[PDB]
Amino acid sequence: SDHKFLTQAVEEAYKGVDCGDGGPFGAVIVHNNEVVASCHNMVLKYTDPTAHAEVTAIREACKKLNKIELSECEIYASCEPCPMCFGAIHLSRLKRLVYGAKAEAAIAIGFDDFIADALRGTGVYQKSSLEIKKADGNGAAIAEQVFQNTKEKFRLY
């Protein structure tokens, strides 16, 4: 299950950067193995710097389920969510987060050094008790290669 949905997020990243919607980032929100939302970064398409893949997926899933909490759903991110996106995941009350690549893989291709303290447990004020799983092995390697692969295909933002 984890491998399938992380793969779907990676494919969303590739698709979004291929059609010019935004950067190579994907996010899939799932409710008991039923995909509620499958989105990618829409910053360029929407002219919205908040339209990251995770925030877009949360918005879509919440309007689809007609409620502002997703306590029965889990989110799969192709890359480690940024501070804004992790805050949005916290506010969404999503019960589990699985992400593929570490943020350093995205920083390596010139992206801003923007890492969520609450995700890595390095904060004084912001804490998290959300279940967080960093993928390993297969899906992790594939997700880390995304930034070196999608790199001549978009301009940084």
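The first residue of the shown sequence is 1; numbering continues from there. Heads up, when I say rigid core I mean the largest set of C-alphas that superpose within 1.5 Å between the two forms.
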Superpose by the rigid core: which stretch, 52 to 60 or 122 to 130, shows more Cα shift in 8 other deposited structures of this protein?
122 to 130
Compare 5 to 13 with 145 to 153 and report which one shows the larger root mean square C-alpha deviation from this form in 8 other deposited structures of this protein once the rigid core is superposed.
145 to 153
Averaging the C-alpha temperature factors as deposited, the higher value of 1 to 9 versus 147 to 155 falls on 147 to 155
On mean Cα temperature factor in this entry, is 111 to 119 or 52 to 60 the higher one?
111 to 119
Selection by C-alpha B-factor (highest) of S38, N41, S129, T47:
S129
According to the PDB entry, is the CA B factor of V30 in the bottom, middle or top third of its chain, that is, lowest, middle or highest?
middle
Assigned third (lowest, middle, highest) for the C-alpha B factor of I89:
lowest
By the entry's values, the third containing the CA B factor of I68 is the highest
Against its chain's modelled residues, does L97's Cα B factor rank lowest, middle or highest third?
lowest
